[PDB]
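Only one chain is given next, in structure tokens, and it is the form deposited in one PDB entry.
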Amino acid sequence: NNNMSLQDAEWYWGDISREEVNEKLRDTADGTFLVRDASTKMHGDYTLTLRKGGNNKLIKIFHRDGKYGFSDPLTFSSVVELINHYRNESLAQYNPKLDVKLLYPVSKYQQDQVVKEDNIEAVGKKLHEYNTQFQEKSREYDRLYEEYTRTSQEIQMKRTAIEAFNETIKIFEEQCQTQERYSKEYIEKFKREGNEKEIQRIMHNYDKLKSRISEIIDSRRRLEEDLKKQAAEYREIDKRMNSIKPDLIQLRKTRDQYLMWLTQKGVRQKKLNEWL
């Protein structure tokens, strides 16, 4: 009584590429599964995709002489009989190192019911509304990203320019040290015999040095202010994108889901892209 048609089974997903199975089995608990036609397209193979150990194990179903099974002794009369048997029997019987059961089938209806308003007239308007939002979101997202990446460059250039200011300040400071040690007392002070060279020459030089070091020190501080303000703005742009991105993901799924189940399956049209 429990052996129904495979076509009407809620986990047999029909013809889907290996790629399409992957997004549906993404980050799912061990035991998630679904069935589909073999990639070869020779009907009568029905590869089984079983999620175990974070991996998508990919098992094959054989159909020799109108029977089914995993190994050579095919002892099942149909896939639904085979799938149902292992929905309560652990696969360890088939393989000791595959201790799982088919627990969480990826029902085709369970997710398909998410879409509503099957009427094509409503879908045409509903789909167009989501596309305009999605396109606006992507346009807005790109605007921030370029600014975010561009602002990253200005930060890096600013940060390095600070280091160049560190070296220039350090270089000047060492010179002030040598000047005072050498020419402050050893030569001129010993020559303190009424000569005005110290008053004019040495003092005029030293003051000019001091005004130079301070001016460089001042420019570094003014630069640090821009970096601090830029760094904070750099973080803010990160927050805007970190919130925009998750929202933009959901629209993509919803717009696609309508197209898969309303605009293509319900009514096959070349007008599909005309709604947009």
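Each residue number is its position in the shown sequence, starting from 1. Rigid core (definition): largest C-alpha set, two forms, superposition within 1.5 Å.
Same protein, other form: the form deposited in another entry, not shown, and the subject of what follows.
Aligning the rigid core between this form and the one not shown and inspecting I171, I199, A92, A164, the C-alpha positions shift by 2 Å or more at one residue, which is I199. The two forms, fitted on the rigid core, differ between this form and the one not shown by 2 Å or more at the CA of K265. The Cα position of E140 differs by less than 2 Å between this form and the one not shown after fitting on the rigid core. After superposition on the rigid core, the Cα atom of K189 is displaced by 2 Å or more between this form and the one not shown. In the other entry, the separation between the C-alpha atoms of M203 and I187 shrinks by 3 Å or more relative to the displayed form. Put simply, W13 and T263 come closer in the other entry: their C-alpha atoms are 3 Å or more nearer than in the form shown.
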